[PDB]
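Peer 1: all I have is the shape, not the residue letters:
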């Protein structure tokens, strides 16, 4: 991990926002 610290929770809405950033291809 490095894209974001734990703080609240891991895999927050960003590195794995049900699409990761904005991927879907």
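Peer 2: Noted; the coordinates are in hand. Numbers count the residues shown, from 1 in each chain.
Peer 1: what about residue 12, how many residues nearby?
Peer 2: 14 (other Cβ atoms under 10 Å). Every C-beta, even on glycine, is put in place using the N, C-alpha and C of the backbone.
Peer 1: what sits against it?
Peer 2: Applying Cβ atoms under 8 Å, 6 or more residues apart in numbering to residue 12 gives the contacts residue 4.
Peer 1: recalculate using a threshold of 10 Å.
Peer 2: 3, 4, 5, 6 (Cβ atoms under 10 Å, 6 or more residues apart in numbering).
Peer 1: which of the helices or strands spans the residue most central in space within the chain?
Peer 2: For the chain, the residue sitting closest to the mean C-alpha position, by Cα atoms, centre = their mean, is residue 15 at 1.9 Å. Remark: residue 15 resides in no helix or strand, with elements defined by DSSP states H and E.
Peer 1: ok, now which ones touch the nearest residue in space to it that is not next to it in sequence?
Peer 2: Nearest-residue entry for residue 15: residue 3, 4.7 Å, with adjacent residues in sequence omitted and distances by Cβ to Cβ, 6 or more residues apart in numbering. Taking Cβ under 10 Å, 6+ apart, we find residue 3 in contact with 11, 12, 14, 15, 16, 21.
Peer 1: what is the nearest of the contacts of residue 12 to residue 25?
Peer 2: Comparing the contacts of residue 12 against residue 25 with Cβ to Cβ places residue 3 closest, at 19.8 Å.
Peer 1: on that earlier part again, from residue 22, how far off is the residue nearest to residue 15?
Peer 2: For residue 3, the distance to residue 22 equals 14 Å [Cβ to Cβ, to the nearest Å].
Peer 1: right, I'll leave it there.
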